[PDB]
**Student:** 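First, the structure itself, so that you have it in front of you.
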Amino acid sequence: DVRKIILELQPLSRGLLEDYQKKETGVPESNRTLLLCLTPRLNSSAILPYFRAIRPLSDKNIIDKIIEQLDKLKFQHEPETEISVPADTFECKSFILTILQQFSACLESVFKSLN
Amino acid sequence: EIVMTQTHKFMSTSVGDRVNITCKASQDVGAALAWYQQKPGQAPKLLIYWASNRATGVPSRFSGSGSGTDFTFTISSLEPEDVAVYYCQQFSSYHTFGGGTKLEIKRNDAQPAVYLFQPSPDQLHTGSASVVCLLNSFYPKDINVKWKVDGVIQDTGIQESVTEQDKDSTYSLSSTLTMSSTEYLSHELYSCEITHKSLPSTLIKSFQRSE
Amino acid sequence: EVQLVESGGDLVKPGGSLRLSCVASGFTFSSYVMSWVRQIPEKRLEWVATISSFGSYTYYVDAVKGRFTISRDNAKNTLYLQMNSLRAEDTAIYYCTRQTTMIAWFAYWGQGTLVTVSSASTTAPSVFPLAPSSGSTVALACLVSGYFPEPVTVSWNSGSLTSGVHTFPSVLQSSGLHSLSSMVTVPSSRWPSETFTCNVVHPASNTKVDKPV
């Protein structure tokens with residue numbers, strides 16, 4: 001059930017993004033692409049490492065839920081890229097914000113694919 | 001609320017010169033300051049963010065410095081296309097903007113050409129009387145226009161309009177004194193008195209209503 | 001390319017309402033905070049309101065709180081500003097802007113939509129010719145009195161006279177009407193032996209006046 005996982009993930013992703021917009025001031029635009037949405041099915045193995053890498057920097061409880069959902073959509077033990085999180089504070093916030101933005105966009109895109 | 005103060009509404013500079021535009025915040029904002037450039041008929045354009053980061057494609061002659069409460073926007077060598085209004089903006093807390101600083105080009109001083117016009121008879125028919133003092137092609141922008149009716153300084157009924165710096169870097173200004181037609185008809189001598197850096201003494205233009 | 005296009009600006013009376021729209025293209029609209037910023041005729045900038053990606057959080061500048069409502073429809077890539085209880089000092093160009101978080105700077109702006117709030121209805125100008133009060137040159141002028149809304153266009157001798165013409169910026173009167181003066185200097189031989197006319201066009205009232213001096 002691809003549709004079921006999208007609907008499971010969507011409120012988690014919306015909340016994470018909107019809470020970041022409300023709490024964090026002055027986050028610069030990174031202009032980077034981090035998440036690859038699709039492989040074609042939703043690309044858990046491309047998205048998962050990023051969520052694993054920001055887990056200590058974010059809400060561990062929601063991230064855990066996201067990871068549990070996305071693991072179900074890793075149709076193999078495909079390999080996971082090792083992610084370099086920026087050390088600089090502003091780069092690091094832009095990195096997190098870009099992940100949340102692109103995750104939001106991916107799910108909304110795949111949801112339009114499904115309707 | 002954080003108040004951003006740009007002390008100078010206008011600054012004169014010359015092409016080739018360094019320009020220092022200042023902005024001061026009522027409270028610490030750290031480095032959470034942005035600078036914008038605006039040209040007439042256009043939205044403001046982001047130049048600097050986090051007090052010193054130049055936005056993408058912004059020419060290297062523009063820079064920002066400061067942290068805390070006192071910030072400086074600097075053009076290292078002014079180019080003609082840089083004549084514009086520059087605004088600061090803090091984003092430590094809820095957005096507030098400074099009031100803007102308009103860069104204009106310095107030139108040699110230039111005396112105004114001054115013209116004074118009596119209310120037209122068609123206007124007087126309607127019950128109003130506008131006396132019109134027009135000043136053309138002066139520099140610098142700072143000018144004092146004083147209205148006297150039968151010797152008494154007017155402090156009401158006066159509207160002033162100043163042009164933007166024109167193509168040869170001079171300014172024009174209009175001052176209009178409006179009263180009722182009965183009131184206009186009860187006075188005789190109307191004078192527009194001009195004080196200006198280029199005039200060694202005040203230039204008086206006047207007319208006698210009864211002619 | 002990131003594009004923001006505002007619409008809905010118009011002329012209204014105090015206490016009226018108006019709804020602004022801003023349609024965005026070139027990015028995933030739901031990924032970004034959006035905001036309105038306005039610029040009053042005196043060119044001060046004032047942030048107006050802000051909305052998070054899915055509408056859960058909004059901020060308003062105090063001057064508009066309880067009168068304006070910001071909202072968004074992500075399906076149509078559209079930001080709205082519902083403006084109620086409008087006042088004269090709401091007159092401004094309204095820009096919609098994109099931001100990363102709710103408190104940030106403004107890297108992307110639309111071109112703006114003009115909102116005019118005035119107790120004056122549209123008003124045609126009254127054009128008063130101002131003749132000289134001997135010389136090498138003389139000065140003629142026209143007072144373009146009491147019109148709304150801006151602008152007027154002034155020309156001399158139906159456009160043939162362009163050199164020596166100086167038209168000043170309009171001023172706003174307490175009545176809410178605008179006024180401006182236009183003058184020309186001509187060689188003295190050309191006066192009073194010739195006739196000079198100032199031609200005023202007021203598009204909004206669709207009126208045309210030719211006044212001889």
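Residue numbers begin at 1 in each chain, while the letters A, B, ... track the order of the sequences. Values reported hereafter were calculated over all heavy atoms of this structure, with side chains retained and with hydrogens, waters and symmetry mates removed.
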**Student:** Inter-chain polar pairs, chain B versus chain C: which donor-acceptor atoms lie under 3.5 Å apart?
**Tutor:**
unit_1 : atom_1 : unit_2 : atom_2 : d
B:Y36  : OH     : C:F106 : N      : 2.8
B:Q38  : OE1    : C:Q39  : NE2    : 2.7
B:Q38  : NE2    : C:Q39  : OE1    : 2.8
B:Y87  : OH     : C:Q39  : NE2    : 3.1
B:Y87  : OH     : C:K43  : O      : 2.6
B:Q89  : NE2    : C:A104 : O      : 3.1
B:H95  : NE2    : C:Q99  : NE2    : 3.1
B:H95  : NE2    : C:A104 : N      : 3.1
B:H95  : NE2    : C:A104 : O      : 3.1
B:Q118 : OE1    : C:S133 : OG     : 2.3
B:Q159 : OE1    : C:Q173 : NE2    : 3.2
B:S161 : OG     : C:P169 : O      : 2.6
B:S172 : OG     : C:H166 : NE2    : 2.5

**Student:** What part of C:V61 gets within 4.5 angstrom of chain B, counting heavy atoms only: side chain, backbone, both, or neither?
**Tutor:**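 It is neither, since no heavy atom gets under 4.5 Å.
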
**Student:** Counting only non-hydrogen atoms closer than 4.5 Å, does C:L143 touch chain B with its backbone (N, CA, C, O), its side chain (CB onward), both, or neither?
**Tutor:**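 For C:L143, the side chain is the part near chain B, not the backbone.
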
**Student:** Under 4.5 Å from any heavy atom of chain C, what part of B:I48 do you find: side chain, backbone, both or neither?
**Tutor:**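 It is neither, since no heavy atom gets under 4.5 Å.
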
**Student:** Quick check on C:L140 against chain B: is it the side chain, the backbone, both or neither that has a heavy atom closer than 4.5 Å?
**Tutor:**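 For C:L140, the contact with chain B is made by the backbone alone.
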
**Student:** Check each atom of B:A34 against the heavy atoms of chain C and say whether the ones under 4.5 Å are side chain, backbone, both or neither.
**Tutor:**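 Just its side chain gets close to chain C.
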
**Student:** Between C:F106 and B:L46, what is the shortest heavy-atom contact and its length?
**Tutor:**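 It is O-CB, 3.8 Å.
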
**Student:** Name all residues meeting the side chain to side chain donor-acceptor pair (under 3.5 Å) criterion together with B:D70; count only those two or more places apart in sequence or in a different chain, and write none if there are none.
**Tutor:**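 With neighbours one apart ignored, the set is empty.
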
**Student:** With chain B, which of C:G110, C:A104, C:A131 has the greatest number of heavy-atom pairs at distances under 4.5 Å?
**Tutor:**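 So the answer, after comparing C:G110, C:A104, C:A131, is C:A104.
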
**Student:** Report which part of B:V162 has an atom under 4.5 Å of a heavy atom belonging to chain C: side chain, backbone, both, or neither.
**Tutor:**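 Backbone only.
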
**Student:** Side chain from CB out, backbone as N, CA, C, O: work out which of these in B:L173 comes under 4.5 Å of a heavy atom of chain C, or both, or neither.
**Tutor:**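 Only the backbone of B:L173 comes within 4.5 Å of chain C.
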
**Student:** Side chain from CB out, backbone as N, CA, C, O: work out which of these in B:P44 comes under 4.5 Å of a heavy atom of chain C, or both, or neither.
**Tutor:**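 For B:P44, heavy atoms of backbone and side chain both lie under 4.5 Å from chain C.
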
